[PDB]
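Trainee: partial complex here, more coming in a sec:
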Amino acid sequence: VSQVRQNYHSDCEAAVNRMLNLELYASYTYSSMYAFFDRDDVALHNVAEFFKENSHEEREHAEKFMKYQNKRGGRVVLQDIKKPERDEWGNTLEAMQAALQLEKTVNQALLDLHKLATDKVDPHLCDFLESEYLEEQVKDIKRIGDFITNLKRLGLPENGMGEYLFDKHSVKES
């Protein structure tokens, strides 16, 4: 038993390792979307940079779980980071639809981890999830939903001028 460990269930320790892996998986998916929008035959550089920044934030989310695991006296166990589900992402609308689903998958895993922490009476882990993960997920889901609504209004997938304008006006200039 780690000398620091107190009120930290083995099941929560394992679930934190699985959550860590899912954050790395989400990072890698966003890396793939960055590389796709940087292609010469796609060439939507502000969209590409949005996904690159998301990739970096998800890696930071994973590192924060590593630090958390060690603070509680659990032991980080790593698994392979699976490659993303697609090699090419169609267009900005298809990519944003995939991002929305990814963010809701990550959110569901965080909510499931909160349920487990509640069941094991771990208020520190509950607070960590509520204070560091759950609100950022709601905000990032809302942002992507707003983007999808605007891509549909702009006539995606058919309206190339609409796609061009989204990249200029909806995502930060990079």
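Mentor: Okay, I see it. Numbering: from 1, shown residues only, chains lettered A, B, ... in the order given.
Trainee: mind listing what's buried in the helix or strand encompassing residue A:124?
Mentor: Using DSSP states H and E, residue A:124 falls within helix A:123-129. Neighbour-count burial for helix A:123-129 flags A:125, A:126, A:128, A:129 (criterion: 16 or more other C-beta atoms under 10 Å). (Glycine included, C-beta is placed from N, CA and C.)
Trainee: would you turn those into TSV with distance to residue A:155?
Mentor: Below are these laid out as TSV (distance: C-beta to C-beta, whole Å):
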residue	distance to residue A:155
A:125	45
A:126	44
A:128	43
A:129	39
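Trainee: which of the residues you listed sits closest to residue A:48?
Mentor: Nearest to residue A:48 among those: residue A:129, at 30.5 Å, using C-beta to C-beta.
Trainee: how close does that closest one get to residue A:161?
Mentor: Look at residue A:129 and residue A:161: by C-beta to C-beta, to the nearest Å, they are 42 Å apart.
Trainee: what's the burial count for residue A:72?
Mentor: 21 (other C-beta atoms under 10 Å).
Trainee: ok, residue A:68 next?
Mentor: Neighbours around residue A:68, by other C-beta under 10 Å: 19.
Trainee: ok, now which ones touch the nearest residue to residue A:130 once chain neighbours are set aside?
Mentor: Among residues not flanking residue A:130 along the chain, residue A:114 sits closest, at 7.4 Å (C-beta to C-beta, 6 or more residues apart in numbering). Applying C-beta atoms under 8 Å, 6 or more residues apart in numbering to residue A:114 gives the contacts A:126, A:129, A:130, A:134.
Trainee: isn't the first one up against residue A:120?
Mentor: No: counting by C-beta atoms under 8 Å, no contact exists between residue A:126 and residue A:120, whose distance comes to 9.8 Å.
Trainee: residue contacts, residue A:3?
Mentor: Listed by C-beta under 8 Å, 6+ apart, the contact partners of residue A:3 are residue A:73.
Trainee: ok, it to residue A:74 distance?
Mentor: Distance of residue A:3 to residue A:74, computed by C-beta to C-beta: 13 Å.
Trainee: now do residue A:150
Mentor: From residue A:150 to residue A:74 the distance is 42 Å (C-beta to C-beta).
Trainee: what does residue A:119 give?
Mentor: 17 Å.
Trainee: neighbour count for those two, which is higher?
Mentor: More neighbours surround residue A:74 than the other of residue A:119 and residue A:74, with 22 against 11 (other C-beta under 10 Å).
Trainee: wait, the more buried one touches residue A:19, no?
Mentor: No: here residue A:74 does not reach residue A:19: they are 11.8 Å apart, not a contact under C-beta under 8 Å.
Trainee: on that earlier part again, between residue A:126 and residue A:120, what contacts are shared?
Mentor: Common neighbours of residue A:126 and residue A:120 (C-beta under 8 Å, 6+ apart) do not exist.
Trainee: same structure, new chain, call it chain B:
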Amino acid sequence: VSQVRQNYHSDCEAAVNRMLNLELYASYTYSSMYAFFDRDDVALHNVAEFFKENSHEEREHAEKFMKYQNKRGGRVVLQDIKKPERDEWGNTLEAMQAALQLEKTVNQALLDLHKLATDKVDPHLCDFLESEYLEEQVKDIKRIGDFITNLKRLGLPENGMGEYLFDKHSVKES
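Mentor: Alright, chain B goes in next:
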């Protein structure tokens, strides 16, 4: 009944007074460790100052419970602050082992108070403990565990040079 009181169970009020006392007890134990490491025949001044600062922080933790009690309309009831369990603390390793156990005793009391607040459906008290006490405890337990690991690596209790080096490099220069 206090005019401000709302959703504040008598049992939680009493448990806050007991928690207040335990914070003052923890403060006093750290005061004792400060005075020990300041002795001419101990003379580890950065270690002494680490414990002095901890003593001040635990007193602040107690004062925050006094303020909390009054905000909720409970009534502060003080009891004697018991003297520490030891008059002398051996060496840096023995003192840090005692500090780890003290921090885990305080943490267990905070977790038990959270259980009571949960049972009495007091989300304000739950939030107060999660936001003001529980993460600071996990961080301070991790810090002391890290110190104990390093004191063991440095050959305590036998290796006086190791003890000297810990005071120079592991705790803040004071």
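Trainee: the neighbour count of residue A:72 again, this time with chain B added?
Mentor: Number of residues near residue A:72 (other C-beta atoms under 10 Å in any protein chain shown) recorded here: 24.
Trainee: same question for residue A:61.
Mentor: 22.
Trainee: quick check: phi and psi on residue A:77?
Mentor: Per-residue torsions, residue A:77: phi -130, psi 120 (degrees, to the nearest 10).
Trainee: how about the closest residue to it other than its chain neighbours, secondary structure?
Mentor: Spatial nearest neighbour of residue A:77, chain neighbours left out: residue A:17 (4.8 Å); criterion: C-beta to C-beta, 6 or more residues apart in numbering or on different chains. Following DSSP: H, G, I helix; E, B strand; the rest coil, we place residue A:17 in the helix state.
Trainee: relative to residue A:8, how far out is residue A:17?
Mentor: The spacing between residue A:17 and residue A:8, counted by C-beta to C-beta, is 13 Å.
Trainee: any common contacting residues for those two?
Mentor: Common contacts of residue A:17 and residue A:8 (C-beta atoms under 8 Å, 6 or more residues apart in numbering or on different chains): residue A:74.
Trainee: looking at those two, which is more packed in?
Mentor: Neighbours were counted for residue A:17 and for residue A:8 using other C-beta under 10 Å; residue A:8 has more, 23 against 18.
Trainee: burial measure for the closest residue to residue A:88 other than its chain neighbours, as a count.
Mentor: Excluding the flanking residues, the one nearest residue A:88 by C-beta to C-beta, 6+ apart is residue A:36, at 5.9 Å. Using other C-beta under 10 Å, residue A:36 has 22 other residues around it.
Trainee: and what of residue A:20?
Mentor: Neighbours of residue A:20 under the rule other C-beta under 10 Å: 22.
Trainee: contact partners of the helix or strand hosting residue A:144?
Mentor: Using DSSP H and E, residue A:144 sits within helix A:135-153. Helix A:135-153 has contacts (C-beta under 8 Å, 6+ apart) with A:54, A:92-93, A:96-97, A:99-100, A:103-104, A:106-107, A:110, A:162-163, A:166, A:170-171.
Trainee: now, those residues that are in helices?
Mentor: A:54, A:92-93, A:96-97, A:99-100, A:103-104, A:106-107, A:110, A:162-163, A:166 (DSSP state H).
Trainee: now residue A:27: which helix or strand?
Mentor: helix A:10-37.
Trainee: quick one on the thing from earlier: starting at the chain centroid, how far to the helix holding residue A:144?
Mentor: Chain-centre distance of helix A:135-153: 13 Å, with C-alpha atoms, centre = their mean, to the nearest Å.
Trainee: go on, stretch A:124-137?
Mentor: With C-alpha atoms, centre = their mean, you get 14 Å for stretch A:124-137.
Trainee: how about stretch A:72-87?
Mentor: That offset, for stretch A:72-87, works out to 13 Å (C-alpha atoms, centre = their mean).
Trainee: go through that stretch and flag the buried ones.
Mentor: The neighbour-count check on stretch A:72-87 (16 or more other C-beta atoms under 10 Å in any protein chain shown) flags A:72, A:73, A:74, A:84 as buried.
Trainee: attach chain C to the model above:
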Amino acid sequence: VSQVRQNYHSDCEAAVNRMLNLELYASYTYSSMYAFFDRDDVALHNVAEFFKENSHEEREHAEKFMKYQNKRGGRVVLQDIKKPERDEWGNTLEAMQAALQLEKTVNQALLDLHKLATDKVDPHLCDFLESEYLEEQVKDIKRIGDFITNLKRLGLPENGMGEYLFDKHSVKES
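Mentor: Alright, chain C goes in next:
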């Protein structure tokens, strides 16, 4: 064929994707070493931070290959990022020995990619490797070799005081 593609052999495109994967693998190994040295029962925080920074630099190396692939008109193809070879890294000497071998594995792959680029008469890819990767590898191998020499001089693995001193004096304060 990509409209930008010129003098870019399919074999080099594929080898760049494999090199990208190896950089991500190296990043992940360094992440594992960071988490290990951050454990409460290891607690060498400057060593941990050295490996964390290396993890970030290797991820940047991977991203630079993604950008390169797209500049040449190749297509990024991602594969799983395999978990590191170990779950625990022993001590600073064992970890640095593993880091030296990892850096020489990455260097050999870069040298093999340079051989392929030379065979396919691709001076742009040769210059990219020489200007962005090969000297950084020689410098980072030299740094790790110097560290191993010093860890041996400090009596690793047995001399815990030597290990403590390496973390204070050989790696940057973090």
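Trainee: quick recheck of the neighbour count of residue A:72 now chain C is there?
Mentor: Counted with other C-beta under 10 Å, residue A:72 comes out at 25.
Trainee: could you do residue A:170 as well?
Mentor: Residue A:170, neighbours per other C-beta under 10 Å, totals 18.
Trainee: contacts only, for it.
Mentor: Taking C-beta under 8 Å, 6+ apart, we find residue A:170 in contact with A:147, A:150.
Trainee: show me what the helix holding residue A:27 is packed against.
Mentor: Secondary-structure packing of helix A:10-37 (3 or more C-beta pairs under 8 Å, 6 or more residues apart in numbering or on different chains; DSSP states H and E): helix A:45-72, helix A:92-119, helix C:45-72.
Trainee: dump the residue contacts of the nearest residue to residue A:31 once chain neighbours are set aside.
Mentor: Nearest non-adjacent residue to residue A:31, counting by C-beta to C-beta, 6+ apart: residue A:55, 4.4 Å away. Neighbouring residues of residue A:55 by C-beta under 8 Å, 6+ apart: A:27, A:28, A:30, A:31, A:34.
Trainee: picking up where we left off before, want to throw the helices and strands packed on helix A:10-37 into a markdown table with distance to residue B:139?
Mentor: Output for the helices and strands packed on helix A:10-37, formatted as a markdown table (distance: least, C-beta to C-beta, whole Å):
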| stretch | distance to residue B:139 |
| --- | --- |
| helix A:45-72 | 7 |
| helix A:92-119 | 18 |
| helix C:45-72 | 13 |
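Trainee: just to revisit the earlier point, does chain B sit close to the helix holding residue A:124?
Mentor: Yes: for helix A:123-129, a contact with chain B is found by C-beta under 8 Å from any C-beta of the partner chain, at A:123, A:124, A:126, A:127, A:128.
Trainee: and the furthest pair within these?
Mentor: In terms of C-beta to C-beta, the residues of helix A:123-129 next to chain B reach their longest pairwise distance at A:123 and A:128, which sit 9.6 Å apart.
Trainee: interface residues of chain A facing chain C?
Mentor: Counting by C-beta under 8 Å from any C-beta, chain A sits next to chain C at A:2-4, A:24, A:28, A:31-32, A:34-36, A:38-41, A:52, A:59, A:63, A:66-67, A:69-70, A:73, A:75-84, A:87.
Trainee: my guess is residue A:3 is in a helix, correct?
Mentor: No: counting by three-state DSSP, residue A:3 falls outside a helix, being coil.
Trainee: surely residue A:165 meets residue A:155?
Mentor: No: applying C-beta under 8 Å as the test, residue A:165 and residue A:155 come out as separate, 9.9 Å apart.
Trainee: sorry, back to before: tell me which residues in the helix holding residue A:144 are buried?
Mentor: Counting neighbours by 16+ other C-beta under 10 Å, one finds that the buried residues in helix A:135-153 are A:137, A:140, A:141, A:144, A:147, A:148, A:150, A:151.
Trainee: list just the nearest of those residues to chain B.
Mentor: Taking C-beta to the nearest C-beta as the measure, chain B sits nearest to residue A:137 out of the buried residues of helix A:135-153, at 18.8 Å.
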